[PDB]
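Below you'll find the structure, written out as structure tokens, and then a few comments.
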Amino acid sequence: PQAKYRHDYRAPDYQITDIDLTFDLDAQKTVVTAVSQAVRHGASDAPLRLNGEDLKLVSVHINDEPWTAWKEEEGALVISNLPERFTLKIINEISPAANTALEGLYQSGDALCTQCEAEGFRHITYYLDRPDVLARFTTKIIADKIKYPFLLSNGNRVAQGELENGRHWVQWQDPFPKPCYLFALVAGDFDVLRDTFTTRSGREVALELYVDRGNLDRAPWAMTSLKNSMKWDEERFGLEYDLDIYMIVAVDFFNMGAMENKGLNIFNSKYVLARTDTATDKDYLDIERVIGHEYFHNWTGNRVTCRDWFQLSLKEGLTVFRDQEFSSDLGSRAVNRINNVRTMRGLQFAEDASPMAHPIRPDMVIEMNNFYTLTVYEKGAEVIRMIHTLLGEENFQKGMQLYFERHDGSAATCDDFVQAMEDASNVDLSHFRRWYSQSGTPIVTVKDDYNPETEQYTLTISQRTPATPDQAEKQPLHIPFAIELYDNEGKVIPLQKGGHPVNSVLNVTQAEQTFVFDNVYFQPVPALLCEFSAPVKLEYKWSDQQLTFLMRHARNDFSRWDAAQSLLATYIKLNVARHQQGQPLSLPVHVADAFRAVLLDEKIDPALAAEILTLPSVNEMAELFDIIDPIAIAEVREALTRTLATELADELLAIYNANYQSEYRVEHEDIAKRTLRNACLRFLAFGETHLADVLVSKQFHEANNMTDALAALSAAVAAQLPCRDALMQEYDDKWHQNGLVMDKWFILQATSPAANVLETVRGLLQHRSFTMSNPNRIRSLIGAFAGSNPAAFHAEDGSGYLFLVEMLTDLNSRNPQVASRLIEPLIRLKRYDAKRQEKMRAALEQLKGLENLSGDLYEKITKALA
Ligand SMILES: NCCCC[C@H](N)CC(=O)O
Ligand code: NA
Ligand code: NA
Ligand code: NA
Ligand code: NA
Ligand SMILES: [Zn+2]
């Protein structure tokens with residue numbers, strides 16, 4: 001399998017302007033007829049090279065003439081001796097029932113549906129399966145009436161008919177030209193929720209949400225979220241929807257979260273279906289986010305698409321930024337920012353140090369589905385957010401307007417986006433472009449000095465990015481470095497120099513520089529890299545009392561939470577080294593006191609308190625170390641939780657009872673109170689055993705909503721309470737028929753700290769609610785074990801790796817994309833000790849040797865063993 005490189009991009013020899021598709025649908029054998037209008041742009045003797053995979057070619061015509069000048073090659077149909085403009089007609093067969101990869105046209109339960117991003121359209125017919133080729137689609141679908149009463153594709157329904165033998169047909173037409181990755185087709189039987197949204201200029205859009213029969217009671221929240229998305233995009237970005245219909249279809253068998261197909265989004269039902277007894281606050285907020293995200297792609301992705309796949313972050317970074325802004329405007333900005341920072345530092349940083357490291361605009365790709373990454377998405381969004389930070393909102397919106405003005409209707413580049421932002425703002429971003437092309441996490445080192453003679457504060461800031469496996473050369477970036485300076489009383493010291501105000505966003509552009517501030521009347525406590533103003537590691541030698549001061553005084557909530565993270569970080573490192581020598585947890589009293597003060601501050605937003613009382617995850621903790629000891633980290637996380645539970649027991653219980661709510665509402669204040677309450681319950685579960693068992697058991701049985709119930713069950717599992725087995729059995733008994741709900745239970749099983757967790761997980765491969773044919777179940781049991789139980793996955797005997805190898809040996813043949821998700825924990829071997837490294841390398845060497853090794857695995861395994 002061959003690498004492709006960004007520097008090889010060339011404009012296509014041929015374009016296609018219009019394509020007319022006809023599907024004669026059947027699960028064993030679907031006949032596709034594709035009639036394309038084509039235009040040559042290159043040399044007169046260049047053949048047309050069409051992409052195609054696993055297609056049975058039936059015929060090829062050019063202007064109605066059967067064509068003899070062609071041949072098949074590996075992955076292609078090459079057609080020679082063409083005129084300058086012509087009609088290509090291809091007829092071919094495909095087999096949806098055989099498609100376990102879930103790429104192209106496949107079967108989801110009894111429905112037929114498509115997934116075409118990145119390069120799945122080529123599994124449907126021979127085409128220019130590349131996103132700089134944009135065409136107007138017309139799609140006609142013919143199918144059995146009983147099995148497939150609903151026949152959907154992009155755009156508007158323009159024709160309809162009945163045929164002999166219980167078949168029917170519909171035709172659809174989408175007026176906007178599109179790359180084929182945005183093609184969708186859905187056939188099946190559904191319940192439908194219908195609603196409308198009226199845009200700000202008075203267009204009435206019909207909204208339609210298709211779900212499995214019986215699930216209409218779980219549809220309204222998604223519908224509500226869609227309307228909220230449409231409204232927000234209008235208020236914030238000035239963007240309206242551009243068609244009279246918007247369809248969403250929830251399918252159960254899907255590789256990712258969702259897909260922005262124009263006018264016809266297809267969603268993993270996990271990000272659509274919710275009811276108060278089935279879904280958590282977090283589900284409600286995730287459904288909102290993903291609905292928003294796919295909607296926001298309608299402009300940032302569809303009306304302006306990507307010239308080639310190396311430009312993915314042009315749509316994904318910008319769209320992720322848009323979903324974060326949406327969630328933050330509607331909810332708590334502080335909680336959003338915090339959690340996104342947790343994700344960046346805890347998960348994306350690890351990727352940017354891994355063998356899979358790449359810039360947000362990659363230079364080399366073997367399997368493009370491997371690059372739908374935390375880097376491309378979350379670091380991508382951080383890069384967009386840095387642009388926003390440098391330009392300010394008003395200039396950033398001008399840049400948006402200019403990007404659309406220049407590029408609407410076309411496929412664009414990351415470089416085109418940056419250029420629009422520069423031209424609209426007159427801010428120079430030449431050096432800033434280096435964030436698109438350099439991989440890895442910059443390390444920013446800060447040293448300070450207060451001069452009492454001159455009332456000057458001096459910051460000396462340096463940066464460097466370490467080499468990564470993809471890139472030996474690294475250079476300084478344009479790092480927006482936001483600061484605030486606090487005086488003795490907790491008030492902000494105006495920033496200034498030589499009698500003039502200076503911007504609190506510093507431009508850190510060199511390996512090293514110095515900034516000097518005048519009229520610093522008291523020795524300050526700095527807040528550094530405010531709001532995580534650049535996606536970097538901060539190295540700065542804080543005192544605990546500077547950090548508690550920031551926890552008590554900083555003006556942004558984010559800085560308080562972040563000061564609390566810096567405070568724990570010292571003690572996490574300390575106690576990990578202790579654990580390794582057999583020594584128990586040590587924690588200064590004043591640290592415990594700083595958390596006690598948060599529990600009892602009544603001014604404090606309960607959402608902030610809950611974040612500060614949610615300890616860094618094992619993945620966030622692991623970012624603190626070069627070599628990771630996953631067993632020591634897990635045990636320290638537990639011991640710290642036990643220690644705080646004991647020191648704060650009274651305050652914990654009181655805040656728990658105070659935040660009781662009788663009514664359940666999906667509303668920002670209610671969520672915040674409940675999140676705090678359940679953060680208290682978590683500690684309490686790790687406290688005195690009898691009271692823990694009582695509290696947890698009681699919350700689980702009396703809960704009127706899944707958030708309160710799952711928090712209890714989760715706490716019983718995590719603290720291994722006596723009530724655990726009973727509670728777990730009750731939830732199985734009640735919920736076994738419901739896969740999305742069972743996923744949560746599989747996650748708890750997989751992530752259990754119990755000594756026999758691997759054995760329990762193996763047995764759960766036979767559980768009535770598990771199947772290897774469903775990506776959600778797979779991720780919930782197997783993925784959650786490998787990726788979210790690092791202590792068990794990295795058991796000293798290597799049983800964890802061996803289990804994953806067995807699973808991947810199945811999944812490589814069945815569903816390579818899911819396989820490639822699941823291999824990620826093994827790809828990180830170079831963060832572990834020599835003994836673990838040897839075993840992980842041996843596991844990877846077995847997988848390298850599979851017959852029919854997928855490209856997806858190949859790419860990762862090769863980079864890992866280098
Ligand atoms: N394997 C390709 C996954 C495509 C993801 C799609 N653009 C949905 C999203 O970005 O949210
Ligand atoms: Na075209
Ligand atoms: Na798109
Ligand atoms: Na808000
Ligand atoms: Na510290
Ligand atoms: Zn996206």
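If you're wondering about the labels, chains in the structure tokens are A, B, ... by order shown, residues count from 1 in each chain, ligands from 1 in order shown.
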
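Using only C-alpha atoms and all ligand atoms, residues with at least one atom at most 6 Å away from any atom of ligand 3 are residues 297, 301, 302 and 305 of chain A.
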
List every residue of chain A that has an atom at most 9 Å from any atom of ligand 1, giving for each one its closest atom pair and the distance in Å to one decimal, counting only C-alpha atoms and all ligand atoms, sorted by chain and then by ascending residue number, as CSV.
```
residue,atom,partner,partner_atom_place_in_ligand_line,distance
A:103,CA,ligand 1,1 (N),8.4
A:115,CA,ligand 1,2 (C),8.1
A:116,CA,ligand 1,2 (C),7.8
A:117,CA,ligand 1,2 (C),4.8
A:118,CA,ligand 1,2 (C),5.3
A:119,CA,ligand 1,2 (C),8.5
A:120,CA,ligand 1,1 (N),8.9
A:255,CA,ligand 1,1 (N),7.3
A:256,CA,ligand 1,3 (C),6.0
A:257,CA,ligand 1,11 (O),6.5
A:258,CA,ligand 1,8 (C),4.9
A:259,CA,ligand 1,8 (C),4.1
A:260,CA,ligand 1,8 (C),5.9
A:261,CA,ligand 1,7 (N),8.5
A:267,CA,ligand 1,8 (C),8.8
A:290,CA,ligand 1,11 (O),6.8
A:291,CA,ligand 1,11 (O),8.9
A:293,CA,ligand 1,11 (O),6.1
A:294,CA,ligand 1,11 (O),5.7
A:297,CA,ligand 1,10 (O),8.0
A:301,CA,ligand 1,7 (N),8.4
A:312,CA,ligand 1,7 (N),8.9
A:315,CA,ligand 1,10 (O),8.1
A:316,CA,ligand 1,10 (O),5.9
A:319,CA,ligand 1,10 (O),8.0
A:320,CA,ligand 1,11 (O),8.2
A:368,CA,ligand 1,1 (N),7.8
A:369,CA,ligand 1,1 (N),4.7
A:370,CA,ligand 1,1 (N),7.7
A:371,CA,ligand 1,1 (N),8.3
A:372,CA,ligand 1,3 (C),6.3
A:377,CA,ligand 1,10 (O),8.2
A:817,CA,ligand 1,1 (N),7.7
```

Keeping only N, CA, C and O atoms, write those residues as a tab-separated table (two decimals), in the first residue's frame.
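Heads up, here's the output in part-v6.tsv:
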```
chain	number	residue	atom	x	y	z
A	103	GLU	N	-18.17	1.16	4.30
A	103	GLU	CA	-17.62	2.19	3.43
A	103	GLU	C	-18.29	1.98	2.05
A	103	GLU	O	-18.27	0.91	1.54
A	115	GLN	N	-21.85	5.49	3.27
A	115	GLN	CA	-20.82	6.40	3.84
A	115	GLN	C	-19.75	6.60	2.79
A	115	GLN	O	-19.13	5.62	2.38
A	116	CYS	N	-19.54	7.83	2.33
A	116	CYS	CA	-18.60	8.08	1.21
A	116	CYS	C	-17.33	8.87	1.56
A	116	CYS	O	-16.43	8.88	0.78
A	117	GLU	N	-17.27	9.56	2.69
A	117	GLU	CA	-16.05	10.22	3.10
A	117	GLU	C	-15.11	9.17	3.75
A	117	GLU	O	-15.54	8.35	4.52
A	118	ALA	N	-13.83	9.17	3.39
A	118	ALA	CA	-13.24	10.06	2.39
A	118	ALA	C	-13.39	9.59	0.96
A	118	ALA	O	-13.63	10.42	0.04
A	119	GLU	N	-13.20	8.29	0.74
A	119	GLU	CA	-13.07	7.68	-0.60
A	119	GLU	C	-13.91	6.45	-0.73
A	119	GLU	O	-13.49	5.42	-1.27
A	120	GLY	N	-15.13	6.57	-0.25
A	120	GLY	CA	-16.08	5.46	-0.36
A	120	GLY	C	-16.98	5.49	-1.60
A	120	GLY	O	-17.51	4.46	-1.98
A	255	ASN	N	-19.41	3.83	11.48
A	255	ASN	CA	-18.02	3.88	11.94
A	255	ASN	C	-17.62	5.11	12.79
A	255	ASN	O	-16.78	5.00	13.71
A	256	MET	N	-18.21	6.25	12.50
A	256	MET	CA	-17.88	7.49	13.22
A	256	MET	C	-19.14	7.99	13.96
A	256	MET	O	-20.05	7.21	14.27
A	257	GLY	N	-19.20	9.27	14.28
A	257	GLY	CA	-20.34	9.86	14.91
A	257	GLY	C	-21.44	10.24	13.93
A	257	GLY	O	-22.59	10.02	14.21
A	258	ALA	N	-21.08	10.81	12.79
A	258	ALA	CA	-22.11	11.30	11.88
A	258	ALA	C	-21.44	11.75	10.57
A	258	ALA	O	-20.22	11.63	10.43
A	259	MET	N	-22.23	12.22	9.61
A	259	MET	CA	-21.71	12.63	8.34
A	259	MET	C	-22.58	13.76	7.74
A	259	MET	O	-23.81	13.65	7.63
A	260	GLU	N	-21.92	14.80	7.29
A	260	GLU	CA	-22.58	15.99	6.82
A	260	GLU	C	-23.08	15.94	5.39
A	260	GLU	O	-23.07	16.96	4.71
A	261	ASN	N	-23.56	14.80	4.90
A	261	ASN	CA	-23.98	14.73	3.49
A	261	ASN	C	-25.00	15.83	3.21
A	261	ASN	O	-25.92	16.02	4.01
A	267	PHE	N	-26.35	9.83	10.74
A	267	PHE	CA	-25.85	9.93	12.11
A	267	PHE	C	-25.84	8.54	12.71
A	267	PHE	O	-26.79	7.71	12.50
A	290	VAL	N	-22.86	17.33	18.14
A	290	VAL	CA	-22.66	16.64	16.87
A	290	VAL	C	-23.69	17.09	15.83
A	290	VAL	O	-23.34	17.35	14.70
A	291	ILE	N	-24.94	17.29	16.25
A	291	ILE	CA	-25.97	17.89	15.41
A	291	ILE	C	-25.52	19.25	14.91
A	291	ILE	O	-25.61	19.57	13.72
A	293	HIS	N	-22.42	20.31	14.77
A	293	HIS	CA	-21.18	20.15	14.01
A	293	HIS	C	-21.57	19.81	12.56
A	293	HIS	O	-21.11	20.50	11.63
A	294	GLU	N	-22.39	18.77	12.35
A	294	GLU	CA	-22.80	18.41	11.00
A	294	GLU	C	-23.56	19.52	10.30
A	294	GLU	O	-23.29	19.82	9.15
A	297	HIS	N	-21.15	22.23	9.11
A	297	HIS	CA	-20.45	21.87	7.89
A	297	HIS	C	-21.16	22.32	6.62
A	297	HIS	O	-20.53	22.37	5.55
A	301	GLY	N	-17.33	23.29	4.74
A	301	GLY	CA	-17.19	21.93	4.25
A	301	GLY	C	-17.94	21.64	2.94
A	301	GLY	O	-17.38	20.97	2.07
A	312	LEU	N	-7.94	18.42	5.02
A	312	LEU	CA	-9.08	18.12	5.84
A	312	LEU	C	-9.39	19.14	6.95
A	312	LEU	O	-10.56	19.48	7.16
A	315	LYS	N	-11.91	22.09	6.80
A	315	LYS	CA	-13.27	21.94	7.21
A	315	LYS	C	-13.42	21.49	8.66
A	315	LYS	O	-14.32	21.95	9.33
A	316	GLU	N	-12.56	20.60	9.12
A	316	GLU	CA	-12.77	19.99	10.42
A	316	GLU	C	-12.32	20.89	11.57
A	316	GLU	O	-13.03	21.04	12.55
A	319	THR	N	-14.82	23.68	11.64
A	319	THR	CA	-16.15	23.21	12.07
A	319	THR	C	-16.13	22.83	13.55
A	319	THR	O	-17.08	23.12	14.29
A	320	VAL	N	-15.02	22.22	14.02
A	320	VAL	CA	-14.90	21.93	15.45
A	320	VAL	C	-14.93	23.24	16.24
A	320	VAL	O	-15.62	23.34	17.25
A	368	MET	N	-6.32	7.47	4.19
A	368	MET	CA	-6.83	8.77	4.62
A	368	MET	C	-7.83	8.66	5.78
A	368	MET	O	-7.94	9.61	6.55
A	369	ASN	N	-8.48	7.52	5.98
A	369	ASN	CA	-9.33	7.40	7.14
A	369	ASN	C	-8.59	7.38	8.43
A	369	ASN	O	-9.22	7.55	9.47
A	370	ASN	N	-7.27	7.17	8.39
A	370	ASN	CA	-6.44	7.29	9.57
A	370	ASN	C	-6.19	8.72	10.01
A	370	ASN	O	-5.69	8.88	11.08
A	371	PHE	N	-6.55	9.72	9.23
A	371	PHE	CA	-6.24	11.08	9.60
A	371	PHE	C	-7.45	11.92	10.06
A	371	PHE	O	-7.41	13.19	10.07
A	372	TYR	N	-8.51	11.23	10.44
A	372	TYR	CA	-9.62	11.89	11.11
A	372	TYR	C	-9.28	11.91	12.60
A	372	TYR	O	-9.83	11.19	13.36
A	377	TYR	N	-8.73	17.54	14.04
A	377	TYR	CA	-9.94	18.12	14.62
A	377	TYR	C	-9.68	19.14	15.79
A	377	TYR	O	-10.05	20.31	15.67
A	817	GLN	N	-11.45	0.17	9.61
A	817	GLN	CA	-11.53	1.48	10.33
A	817	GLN	C	-11.70	1.32	11.85
A	817	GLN	O	-11.07	2.01	12.64
```

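Environment of ligand 4, defined as every protein or nucleic acid residue with an atom within 7 Å of it and counting only C-alpha atoms and all ligand atoms, comprises residues 328, 329, 330, 331, 332 and 333 of chain A.
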
Counting only C-alpha atoms and all ligand atoms, name the residues that have an atom within 7 Å of an atom of ligand 5; the answer should be given as a JSON list (two decimals) with N, CA, C and O atoms, in the first residue's frame.
```
[["chain", "number", "residue", "atom", "x", "y", "z"],
["A", 542, "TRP", "N", 5.74, 27.65, 39.42],
["A", 542, "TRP", "CA", 4.79, 28.19, 40.34],
["A", 542, "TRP", "C", 5.04, 27.79, 41.80],
["A", 542, "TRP", "O", 5.50, 26.67, 42.06],
["A", 543, "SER", "N", 4.68, 28.67, 42.72],
["A", 543, "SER", "CA", 4.51, 28.31, 44.12],
["A", 543, "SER", "C", 3.05, 27.91, 44.40],
["A", 543, "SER", "O", 2.12, 28.38, 43.74],
["A", 544, "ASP", "N", 2.84, 27.06, 45.40],
["A", 544, "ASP", "CA", 1.49, 26.64, 45.72],
["A", 544, "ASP", "C", 0.64, 27.81, 46.08],
["A", 544, "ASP", "O", -0.56, 27.81, 45.80],
["A", 566, "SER", "N", -2.43, 22.79, 37.96],
["A", 566, "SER", "CA", -1.07, 22.99, 38.24],
["A", 566, "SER", "C", -0.73, 22.63, 39.70],
["A", 566, "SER", "O", 0.30, 21.99, 39.98],
["A", 567, "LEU", "N", -1.64, 22.94, 40.62],
["A", 567, "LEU", "CA", -1.43, 22.60, 42.01],
["A", 567, "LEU", "C", -1.38, 21.07, 42.20],
["A", 567, "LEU", "O", -0.47, 20.54, 42.85],
["A", 568, "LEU", "N", -2.33, 20.34, 41.64],
["A", 568, "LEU", "CA", -2.29, 18.89, 41.79],
["A", 568, "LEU", "C", -1.11, 18.26, 41.09],
["A", 568, "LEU", "O", -0.65, 17.18, 41.48],
["A", 569, "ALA", "N", -0.70, 18.87, 39.97],
["A", 569, "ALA", "CA", 0.28, 18.25, 39.12],
["A", 569, "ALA", "C", 1.53, 17.94, 39.90],
["A", 569, "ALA", "O", 2.05, 16.83, 39.81],
["A", 570, "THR", "N", 1.99, 18.89, 40.72],
["A", 570, "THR", "CA", 3.19, 18.63, 41.56],
["A", 570, "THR", "C", 3.05, 17.37, 42.39],
["A", 570, "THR", "O", 3.96, 16.55, 42.48]]
```

- Item | Residue neighbourhood residue 834 of chain A, 12 Å, only C-alpha atoms, exclusion window fewer than 4 positions, as a PyMOL selection string | chain A and resi 627-629+796+829-830+838-841

Residues at most 9 Å from ligand 2, using only C-alpha atoms and all ligand atoms? Could they come as a PyMOL selection string? chain A and resi 14-18+38-39+132-136+177-179

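Using only C-alpha atoms for every distance, the candidate list A:209, A:791, A:239, A:772 yields A:772 as the residue closest to residue 813 of chain A.
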
Among A:318, A:843, A:563, A:585, ligand 6 is approached most closely, using only C-alpha atoms and all ligand atoms, by A:318

Notebook entry, point to check: Using only C-alpha atoms, which residues sit within 8 Å of residue 308 of chain A once same-chain residues fewer than 6 positions away are excluded, as a PyMOL selection string?
Noted result: chain A and resi 9+130-132+411+413

Give the alpha helix (DSSP H) residues of segment 73-279 of chain A, as DSSP finds them on the backbone, and put them as a PyMOL selection string. chain A and resi 220-232

Dump as a compact mmCIF listing (two decimals), in the first residue's frame, selection limited to N, CA, C and O atoms:
```txt
# COMPACT_ATOMS: atom_id res chain seq x y z
N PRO A 220 -37.13 13.97 19.86
CA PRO A 220 -37.32 15.42 19.91
C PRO A 220 -36.14 16.24 20.28
O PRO A 220 -36.03 17.40 19.80
N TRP A 221 -35.27 15.70 21.10
CA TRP A 221 -34.14 16.54 21.57
C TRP A 221 -33.19 16.87 20.39
O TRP A 221 -32.71 18.00 20.26
N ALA A 222 -32.96 15.87 19.55
CA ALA A 222 -32.12 16.08 18.34
C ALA A 222 -32.74 17.13 17.45
O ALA A 222 -32.05 18.00 16.91
N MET A 223 -34.07 17.06 17.31
CA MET A 223 -34.77 18.05 16.47
C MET A 223 -34.62 19.45 17.03
O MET A 223 -34.41 20.45 16.30
N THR A 224 -34.72 19.51 18.35
CA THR A 224 -34.58 20.76 19.02
C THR A 224 -33.19 21.30 18.82
O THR A 224 -32.97 22.49 18.55
N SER A 225 -32.23 20.42 18.95
CA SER A 225 -30.81 20.80 18.72
C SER A 225 -30.51 21.30 17.31
O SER A 225 -29.76 22.29 17.13
N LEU A 226 -31.13 20.67 16.32
CA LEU A 226 -31.01 21.15 14.95
C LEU A 226 -31.51 22.56 14.78
O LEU A 226 -30.82 23.40 14.17
N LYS A 227 -32.70 22.84 15.34
CA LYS A 227 -33.24 24.19 15.26
C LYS A 227 -32.33 25.20 16.00
O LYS A 227 -31.99 26.30 15.50
N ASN A 228 -31.93 24.80 17.20
CA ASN A 228 -30.95 25.62 17.92
C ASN A 228 -29.70 25.89 17.10
O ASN A 228 -29.19 27.00 17.15
N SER A 229 -29.19 24.88 16.40
CA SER A 229 -28.00 25.06 15.51
C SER A 229 -28.24 26.05 14.41
O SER A 229 -27.40 26.84 14.11
N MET A 230 -29.40 25.96 13.78
CA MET A 230 -29.72 26.81 12.62
C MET A 230 -29.81 28.25 13.05
O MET A 230 -29.27 29.15 12.42
N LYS A 231 -30.43 28.44 14.20
CA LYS A 231 -30.57 29.76 14.81
C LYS A 231 -29.22 30.37 15.22
O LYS A 231 -28.88 31.50 14.88
N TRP A 232 -28.40 29.57 15.89
CA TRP A 232 -27.10 30.04 16.31
C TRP A 232 -26.23 30.42 15.12
O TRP A 232 -25.64 31.48 15.16
```
